[PDB]
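Summary of structural features
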Amino acid sequence: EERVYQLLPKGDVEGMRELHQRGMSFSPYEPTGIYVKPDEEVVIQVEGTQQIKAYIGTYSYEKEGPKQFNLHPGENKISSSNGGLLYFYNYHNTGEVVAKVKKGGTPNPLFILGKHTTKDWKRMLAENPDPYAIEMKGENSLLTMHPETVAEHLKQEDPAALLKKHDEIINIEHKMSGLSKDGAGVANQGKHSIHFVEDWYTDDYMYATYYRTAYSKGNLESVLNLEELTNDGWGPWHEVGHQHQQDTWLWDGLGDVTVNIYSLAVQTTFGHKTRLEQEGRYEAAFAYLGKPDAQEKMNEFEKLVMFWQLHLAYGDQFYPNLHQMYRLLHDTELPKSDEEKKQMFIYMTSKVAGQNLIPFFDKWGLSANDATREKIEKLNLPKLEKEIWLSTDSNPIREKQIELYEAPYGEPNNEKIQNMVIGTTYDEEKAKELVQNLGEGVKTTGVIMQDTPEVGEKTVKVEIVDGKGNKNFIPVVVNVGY
């Protein structure tokens, strides 16, 4: 027969990662529900002008990593020694690409939310007894699991409710990161989903890396059981949070601290008490509240306290604004060491809050130097009027809640990938031609920023600004060269 695919332009995962200042990429996978046997050839033709990429094998699902393929337009034939599930990758930002599989491959269960009913699901399982894998695709999530594991932990008649909840969790963490589906620039979440994989070939408990999050055998209950995902899902919340964690305020000792900021966000949004409160981490942390070497003698979960206190003090809009402001940093102001990251955080949080937070950080053993103190001083920020360093979830000593950052709107010049010499940080005219559809009173500054100075079809950032002084970075695809 013939299975055809309409592959919408999803964009580049690495481009969004650098834009978001995140440490690992989201998933580039577009599931097909086709399984390719080892050393079996598949015939796929690409109808259209643009080319696409393909995968055989699933990240963290087999012993060997997946094999990547560069598919040129028209008829194409590829094969893989290890075999595996077929995926496509339309890394372009515009133009849908038609890809039809007319030879090779075997049907593999793929449930798609908002497209398949319980009837389709029941039929899907019956037609494919004991399959290679079960795949369940939501709006923002992809699940690749072993069938026996799904049979054990899926407590509904279809994966729909499970996929709805996974998307909700992901949307919560996107929001906490100041990322939205229709955001512009540093507020654009991108069009790539988060991948959840059952890994039978690792000893790690749970982990997160590039392109996916993974869960070792025996530890999938909180991923597939809807009730456990909602009530005891700290695991998957944490791993998803790890893919949101931005490095610019991640110094040594925060690796398993700031990730849980997103975890606490999910836990409270579902109407539950915080892990800090239920483990009494507050009382333990307050034992170091004032100590000169407090930060050194505190553990990972104790340091988490001061981060959550900022959220409770200035409302749900704090960390969304903080994430965005960090993405707007120019190359020269990016912190390049743990010490600089610490000092930067004191300044950035103060600017977001709109208050001098130096005494708050002083109490938690994070002292600002004279340069930082002076830099904050020039902002003429009002003092703290309340002691927010004693704040808990059972005691919300808030401050003035702040508004959400309104980033100026702009679009890439997807009409033609232009030229730019590597190392270009300022060019008034080329920058103007790189963007489209600017908001009222919105213009380019001429500032251009490539996070990782590489030559080729790479993503660079173009700075825009409105009348209020607010700025944004518009990600555009440019042909960089020597």
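Along every chain, residues receive numbers from 1 upward following the written sequence, which is not necessarily the numbering found in the entry; those without coordinates are excluded from display. Water and hydrogen atoms were dropped before computing side-chain values, which therefore reflect all heavy atoms in the structure. Residues with missing side-chain atoms are left out of burial classes, side-chain pairs and their counts.

1. Examining the domain arrangement of the protein chain
We note that the domain assignment places domain 1 (1-109), domain 2 (110-244), domain 3 (245-404) and domain 4 (405-482) within the protein chain. Centre-to-centre separation of domain 2 and domain 4, based on C-alpha positions: 34 Å. An automatic or database domain assignment is the source of the domain bounds shown.

2. Observations concerning the side chain of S193
One can find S193 in the loop between α4 (160-176) and β13 (194-199). Residue class for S193 comes out buried when judged on its relative accessible area of 15%. Every helix listed is a DSSP run of H or I at least four residues long, and every strand listed is a run of E at least two residues long, numbered separately from the N terminus. Partly exposed describes any residue whose relative accessible area lies between the buried limit of under 20% and the exposed limit of over 50%, with all areas from a 1.4 Å probe on protein chains only and scaled to the type maximum.

3. Observations regarding the pattern of salt bridges
The rule for a salt bridge is simple: a side-chain nitrogen of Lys or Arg has to be within 4 Å of a carboxyl oxygen of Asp or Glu. Per the counting criterion, the structure on display carries eight salt bridges. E279 is the salt-bridge partner of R275, the closest N and O atoms lying 2.9 Å from each other. On the basis of relative accessible area, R275 is assigned to the partly exposed category, the value being 27%. For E279, a relative accessible area of 36% translates into the label partly exposed.

4. Focus on empty space enclosed by the protein
Site definitions follow a grid-based scheme: protein atoms alone, a 1 Å grid, a 1.4 Å probe that fits but cannot get out for cavities, and for pockets an open set with protein on both sides within 12 Å along at least five of seven lines, plus lining residues having an atom within 4 Å of a point. Grid points are joined across faces, edges and corners, and a volume is the space filled by probe spheres set on the points. Looking at the largest cavity, its volume works out to about 100 Å³. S27, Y29, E30, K191 and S193 are, among the 14 residues lining the largest cavity, the residues nearest its centre. Of all the secondary structure elements, the ones that give two or more residues to the lining of the largest cavity are β2 (30-36) and β12 (141-145). Three categories are distinguished: nonpolar for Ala, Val, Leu, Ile, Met, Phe, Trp, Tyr, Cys and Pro, charged for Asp, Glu, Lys and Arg, and polar for the others, with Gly belonging to the last. Considered class by class, the residues forming the lining of the largest cavity number five nonpolar, five polar and four charged. Split by domain, the lining of the largest cavity shows at least three residues from each of two domains, domain 1 (1-109) and domain 2 (110-244).

5. Description of the packing of α4 against helix α7 (residues 234-242)
Axis definition: a line fit to C-alpha positions, over the contact stretch in the case of helices; interaxial angles, taken between N-to-C directions, run 0 to 180 degrees. α7 packs onto α4 with a crossing angle of 40° between their chain directions and a minimal axis gap of 10 Å. In terms of orientation, α4 and α7 fall into the oblique class. Regarding α4 and α7, the two cross each other, and that crossing is right-handed. Across the interface between the two elements, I169, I170 and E173 of α4 pack against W237, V240 and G241 of α7. In terms of residue class, the contact of α4 with α7 is built from four nonpolar, one polar and one charged. Any angle between 65 and 115 degrees counts as roughly perpendicular, while under 35 counts as roughly parallel, over 145 as roughly antiparallel, and the rest as oblique. By convention the crossing between two helices is left-handed if the near helix lies anticlockwise of the far one by an angle smaller than a right angle, and right-handed if it lies clockwise. Note on definitions: a residue-residue contact is assigned when non-hydrogen atoms from the two residues lie within 4.5 Å.

6. Some points on the sheet that holds strand β10 (residues 110-112)
Between any two strands, pairing holds if DSSP finds at least two bridges. As summarised here, the arrangement of the six strands in space is β10-β11-β12-β13-β15-β14, forming an open sheet in which the pairing is mixed. The sheet terminates laterally at β10 and β14 (206-209), the two strands that pair on one side only. The average angle at which neighbouring strand axes cross in this sheet is 15°, direction not considered. Sheet analysis places β12 next to β13, joined by four bridges and oriented parallel. Within the sheet, the bridge partner assigned to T144 lies in β13 and is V197.

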